[PDB]
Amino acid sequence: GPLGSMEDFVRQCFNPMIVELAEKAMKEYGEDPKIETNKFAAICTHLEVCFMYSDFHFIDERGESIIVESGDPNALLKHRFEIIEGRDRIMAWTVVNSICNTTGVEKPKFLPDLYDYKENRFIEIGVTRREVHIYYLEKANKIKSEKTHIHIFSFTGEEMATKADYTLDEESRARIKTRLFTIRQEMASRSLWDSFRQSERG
């Protein structure tokens, strides 16, 4: 079929909020979304996975974890996850420092993606176009702390998480994997997948 543009794909298949946050991020690091288009789509995918990882997870009045999949969260509920990805450098480190000085969790040396108030640990989310095992070791080599939890997703359904601890239930992670499959399939229908997959480096 005809070859579409990655630009058109991102703006049509991702929520405007995600696209905007992704554009601001690329600008902050000095890359143009309209040239580094495969990276643009990868940033949006990763960010959406971070949001979906946190969607619907709260802590109830008793202080334990529960899922509320409706858009009516009781006021006494607190979000289970703090989201760090998507913020600018200054706000991201402001959130991190706040969490650390509050919980005693030592400060990470690279910005993580989430903080889990249930497990009391930061999370590094990974979305790889290659083997999860290869990508996990890459991420881990940047974290000699051992305290930040790692959770890797692939576009073909494989996962790898630190100590075989996957944090979320199967249904939550199934939503993420289903979304990643939809992304891959739509890119393929537009003849964008081959280039997008091969453009990952590490």
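We number the residues from 1 along the sequence you see.
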item: Between 166-174 and 27-35 (mean CA B-factor, as deposited), the higher; value: 27-35
item: Mean temperature factor over C-alpha atoms, higher-scoring stretch between 88-96 and 69-77; value: 69-77
item: Highest-ranked of 51, 40, 153, 58 once sorted by CA temperature factor in the record; value: 58
item: Residue 109 CA temperature factor, ranked by third within the chain; value: highest
item: Among modelled residues of the same chain, the CA temperature factor third for residue 119; value: middle
item: Chain thirds of CA B-factor: placement of residue 140; value: highest
item: CA B-factor placement of residue 47, once the chain's modelled residues are sorted into thirds; value: lowest
